[PDB]
4 protein chains.
Amino acid sequence: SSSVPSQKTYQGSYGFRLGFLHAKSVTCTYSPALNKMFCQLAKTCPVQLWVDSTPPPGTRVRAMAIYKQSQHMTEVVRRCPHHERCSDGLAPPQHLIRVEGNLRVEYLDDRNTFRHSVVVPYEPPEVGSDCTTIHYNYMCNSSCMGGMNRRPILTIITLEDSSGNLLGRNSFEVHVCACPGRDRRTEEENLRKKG
Amino acid sequence: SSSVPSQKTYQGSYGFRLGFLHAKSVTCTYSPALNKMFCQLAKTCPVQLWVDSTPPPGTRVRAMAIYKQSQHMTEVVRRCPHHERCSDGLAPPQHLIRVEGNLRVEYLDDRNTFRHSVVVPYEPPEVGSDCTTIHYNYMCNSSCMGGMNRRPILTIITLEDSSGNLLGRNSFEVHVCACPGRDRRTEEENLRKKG
Amino acid sequence: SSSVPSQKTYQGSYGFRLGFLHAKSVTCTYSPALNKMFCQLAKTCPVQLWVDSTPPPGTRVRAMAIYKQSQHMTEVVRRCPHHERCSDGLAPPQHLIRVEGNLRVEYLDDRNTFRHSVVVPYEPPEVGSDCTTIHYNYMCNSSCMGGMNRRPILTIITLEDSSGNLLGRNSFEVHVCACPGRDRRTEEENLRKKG
Amino acid sequence: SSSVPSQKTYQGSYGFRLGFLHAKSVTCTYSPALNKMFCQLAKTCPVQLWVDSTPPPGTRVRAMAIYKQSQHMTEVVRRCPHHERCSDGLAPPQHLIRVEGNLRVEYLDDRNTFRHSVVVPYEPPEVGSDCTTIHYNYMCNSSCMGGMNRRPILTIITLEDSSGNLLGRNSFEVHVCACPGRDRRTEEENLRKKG
DNA sequence: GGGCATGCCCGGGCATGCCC
DNA sequence: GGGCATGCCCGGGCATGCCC
Ligand SMILES: *C[C@@H]1C(=O)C2CCN1CC2
Ligand SMILES: *C[C@@H]1C(=O)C2CCN1CC2
Ligand SMILES: *C[C@@H]1C(=O)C2CCN1CC2
Ligand SMILES: *C[C@@H]1C(=O)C2CCN1CC2
Ligand SMILES: *C[C@H]1C(=O)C2CCN1CC2
Ligand SMILES: *C[C@H]1C(=O)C2CCN1CC2
Ligand SMILES: *C[C@H]1C(=O)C2CCN1CC2
Ligand SMILES: *C[C@H]1C(=O)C2CCN1CC2
Ligand SMILES: [Zn+2]
Ligand SMILES: [Zn+2]
Ligand SMILES: [Zn+2]
Ligand SMILES: [Zn+2]
């Protein structure tokens, strides 16, 4: 009956976790200490999917954004009106999160919660590789007036079988911004000094 | 053939000029040194109309915004998409400038230049008074993404007869902002120090 | 019989001349010493038209680009293939020079010389003003491979009556570039040191 | 479901690897330290194919370019518009990579990913020889505006049987430029000093 | 082979909505 | 009223086609 999706980490029976690749305006930078990706608008944000056991055929990978703070959790995360009026052919203009480089992407609007998500098939790593990578794009800055409006979000990645069973769930915070390197360095310093 | 309206001051045969009434977040404050009004979003911005000779019956007062900088002059000033989706009953949501407190306001979209304008009847001062005041409202901040986007505007006020003849023109710069007193003080200080 | 238009200054009986408004990446900067405008791609380049005597009704203003160097004069100046595949509604994509802010702009391809030009009506200055301003845009950098390719151009402005008589002609060099302030300062220094 | 081809080295059951032949503007020079070929536009770039075991009859050799950087991987590498408008009879003008000196070259456009590829038959070395050489040509510089636009590419070379099975994969970075010797020396020095 | 011109890149710093 | 976060701006400097 809740309209807020769970954010609880659940590595599950397949041992599912995420991984991230390792400069003031670098396109993206991940902070392990904050479990937080700092990236730029509409630029590639690679996310690695790691499993210990191979999921069954037909497994899907869903990404959804939610507001991190209790006061805003129940608000659906959407693109701002400006960037909505700004396409790749498939992503509805209201969706914040896109996937690039995938021929089987699906964009969903939940008919009960109104929340947006984007789904791609799970592909196992190629022989000799330990993970599979998805290229996400965030189509607004965290600061956009009328959209995220300086409020932090979480991206929730779920691994789901074809029947809809939850196989695994993970999440990370996102700050989309002009200067990821600056903003990560400042947040990490405030954490150490004042957190 | 130009689509940019004139901004040239023209006091005209009636001696037409503007006047302004005389704190970090005051609702509005006018800088004579900069010929610039600093005011808050959707709050009253009074402008006085002064004439030496009484205009003829059916005279009208039009207000229109243009970008001040040469690089932006040819672009129509519009409300940003966020505030457009935010009414008083008569103002189209795309118009930046509204008039409050007037039963005869007319909002115009130019069919050739696409520029917006707001018009009210000219009313002579009451006996013993030297001027007539119009309460304007600016419906975005100068900073709004997808709108003014930090670009300065001028408001051009024209006195026109019923036939459309230009009787007088004056203009002033406008900065719509959260903190008019701070922003005025900073710009005036930079003018004296570095202008 | 020549396919190269004249560039000879001809102030004519109306006393026609141009004027220019007076920072590393400023949008544009004019060098009187070089008679040369340094501006940015697709940004406003204002040019003032000055006359001593009022031209007759129906006078037009034409702008055309030609290569300045003898070795390239006979080559038609065009947009590069990249920027051609990049509109305002009226300018053909092959034209280098556009006019913004004018409801009566006309773009011409000469059927014999294949050269491009853009024409607007001449409007006399408003009462109290000494000149009329046209906002040109250059849609390629001087450096564009396959277009100007680092070769300098001249813009030729002609004042023509409705019948086609040449009333006046002027010209200026143009360098469209990323950093007008840098490039002007460097060229002026080399002129003084080595010219 | 991905539209980005794998770049993972796979020597495979046949022991497949590449080899390269060993001056500021030399036509080409290969850096083992960088696994990077530096070569000139439209000039021969020989690549050797080495195998430990003889591939089956009907084996084919495919070459394809992808952008090396994560941010650009999902974009198809194409010739820039200028050089596209510049042929050998068989290569489509949009293809960056050509093969010279082969009577059986095939140029392919993938109907799903839109990526370009060039394929020739695999020929075993002549008796006494240890490798077979293919002469590739790169038809734009890495710097070309509207094409690679200064972004590094990889060339992915795949050995495939007639049925389409992947037998082996190798790749190398390519920098197409005016001065291969200069650019190699500079990148190798920056690697040692700052890498 | 030595060197220039020029698009584009930063790391330093401003303006401004919003917070106390 | 005092102060932070954040998009965007520079002036300094690199990479690279082309010139001698
Ligand atoms: C997760 C894996 C790795 O460890 C490297 C980088 C991304 N994938 C493919 C190779
Ligand atoms: C212009 C006049 C005045 O001088 C005061 C203030 C505004 N109006 C009415 C009275
Ligand atoms: C040429 C004239 C002037 O002298 C100023 C600036 C541009 N026009 C209008 C006013
Ligand atoms: C790979 C072989 C060699 O070692 C030499 C040079 C190129 N091929 C033919 C002979
Ligand atoms: C931080 C951000 C900026 O402001 C520019 C330089 C570095 N980064 C990218 C653009
Ligand atoms: C400048 C502005 C603010 O930030 C608050 C205090 C004063 N003013 C109004 C609200
Ligand atoms: C010279 C040019 C640049 O390289 C950036 C800063 C100044 N100018 C505009 C952008
Ligand atoms: C680097 C390049 C040049 O600029 C010329 C000399 C050497 N090389 C070929 C042409
Ligand atoms: Zn946005
Ligand atoms: Zn707004
Ligand atoms: Zn161009
Ligand atoms: Zn090219």
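Each chain gets a letter, A, B and so on, in the order its sequence line appears, and its residues count up from 1. Reckoned from all heavy atoms, side chains included, excluding hydrogens, waters and symmetry mates.
A south sugar is assigned to F/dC8: the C1'-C2'-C3'-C4' torsion is negative, on the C2'-endo side.
A salt bridge is defined here as a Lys NZ or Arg NE, NH1 or NH2 lying under 4.0 Å from an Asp or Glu carboxylate O, and D/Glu84 with D/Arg78 fails to meet this definition.
What separates CG of C/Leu41 from P of E/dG7 is a distance of 9 Å, to the nearest Å. Remark: P of F/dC14 and CG of D/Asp183 are 15 Å apart, rounded to the nearest angstrom. To the nearest angstrom, P of E/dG17 lies 12 Å from CG of B/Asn149. As rounded to whole Å, 8 Å separates atom P of E/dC10 from atom CD of A/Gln40. Following rounding to the nearest Å, B/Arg184 (CZ) and E/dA15 (P) show an atom-to-atom distance of 17 Å. Between the CD atom of D/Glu187 and the P atom of F/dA15 there is a distance of 9 Å, given to the nearest Å. The distance from atom CD of D/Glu188 to atom P of F/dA15 is 14 Å, rounded to the nearest whole Å. Following rounding to the nearest Å, A/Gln71 (CD) and E/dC19 (P) show an atom-to-atom distance of 11 Å.
Ranking F/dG7, F/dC18, F/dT16 by closeness to the D/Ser143 side chain, first place goes to F/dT16. The nucleotide whose nearest atom lies closest to any side-chain atom of A/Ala178 is, among F/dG7, E/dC18, E/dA15, F/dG7. Here F/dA5 is the nucleotide among F/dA5, F/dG17, F/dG7 with the atom lying nearest to any side-chain atom of A/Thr186.
With no hydrogens or angles considered, no side-chain donor-acceptor pair links A/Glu187 and A/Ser31 at under 3.5 Å. Judged by distance alone, the side chains of C/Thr29 and C/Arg184 do bring a donor and an acceptor atom under 3.5 Å apart.
Evaluation of atom-type donor-acceptor distances gives a pair under 3.5 Å for the side chain of B/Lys24 against the base of F/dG3. Judged by distance alone with a 3.5 Å cut-off, no donor-acceptor contact links the side chain of D/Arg182 to the base of E/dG2.
Under the side chain to side chain donor-acceptor pair (under 3.5 Å) criterion, C/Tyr136 pairs with no residue, sequence neighbours left out.
Along DNA chain F, the nucleotide closest to D/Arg150 and the one closest to A/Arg150 are compared, and the more 5′ of them pairs with A/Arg150.
Put simply, the side chain of D/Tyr67 reaches to within 4.5 Å of the side chain of D/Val77, judged on heavy atoms.
In this model, the phosphate group of E/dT6 is approached by a side-chain N or O of C/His175 to a distance below 4.0 Å at OP1 or OP2. Within the 4.0 Å cut-off from OP1 or OP2 of E/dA5, at least one side-chain nitrogen or oxygen of C/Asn190 is found.
For C/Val26 against C/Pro180, the heavy-atom pair with the smallest separation is O-CG, 3.1 Å.
In this pair, D/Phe172 and D/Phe20 present their aromatic rings perpendicular. The plane angle is above 60°, beyond the 30 to 60° band.
Listed by first residue number, the stems of DNA chain E with at least three Watson-Crick or G-U pairs below 3.5 Å are E:1-20 with F:1-20.
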